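A short write-up of the structure that comes next.
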Amino acid sequence: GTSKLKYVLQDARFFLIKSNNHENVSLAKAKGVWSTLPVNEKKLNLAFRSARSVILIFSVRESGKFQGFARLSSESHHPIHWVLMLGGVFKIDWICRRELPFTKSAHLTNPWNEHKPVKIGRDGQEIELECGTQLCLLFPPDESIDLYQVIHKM
């Protein structure tokens with residue numbers, strides 16, 4: 001179903017994460033971690049304290065797709081063999097590891113990026129609540145995920 005997912009996303013904040021390559025997203029999916037440049041690290045740490053859930057939505061540049069989404073479980077902390085100055089490491093719990101093609105989100109506009117389609121945005125761009133909720137609800141359901149343990153972290 002979608003009910004526990006909607007509960008996790010209630011009053012959440014959402015951020016677009018852009019990566020240059022698939023290897024870094026695969027590592028993030030395997031290890032449950034992400035790292036970003038200081039300008040975005042400071043914004044995510046502020047957001048983590050400010051909201052019940054902070055959601056990162058991932059897209060590999062040139063792939064034409066999102067690769068999934070995850071929820072911050074910590075602020076950053078200060079090794080990971082990323083394919084490239086970076087900040088600390090955020091722990092994340094994956095909510096969906098399935099892909100979503102940009103063609104399926106063409107009806108969603110992000111007010112915080114001039115109402116451009118939600119696929120458009122620099123790494124770290126915040127996605128407004130309604131747009132981000134609907135984007136997450138478009139992903140295929142990931143039946144390998146149990147949101148019970150995520151709910152307990154809130």
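All positions are counted from 1 along the displayed chain.
Heads up, header says this was done by X-ray crystallography, 1.5 Å.
From the backbone N, Cα and C atoms, a Cβ is placed for every residue, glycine too.
So that you can see what the record holds, here are the features copied from Swiss-Prot:
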BINDING   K18, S19, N20, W34, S35, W82, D123  RNA binding site
Candidates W34, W82 (binding-site residues); min other-Cβ count within 10 Å returns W82
Residue among binding-site residues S19, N20, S35 with least C-beta crowding, 10 angstrom cut-off: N20
Take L84 and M85, the residues on either side of 7 unmodelled positions, and give their C-alpha distance in whole angstrom. 10
Taking the mean position of the Cβ atoms of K18, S19, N20, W34, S35, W82, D123 as the RNA site, which residues outside that list, in the same chain, have a Cβ no more than 8 Å away, listed in sequence order? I17, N24, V25, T36
Under a criterion of Cβ-Cβ distance under 8 Å and sequence separation of at least 6, what residues of the same chain contact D123 (RNA binding site)? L16, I17, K18, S19, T36, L37, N40
Count of other CB atoms lying within 10 Å of the CB belonging to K18 (RNA binding site): 14
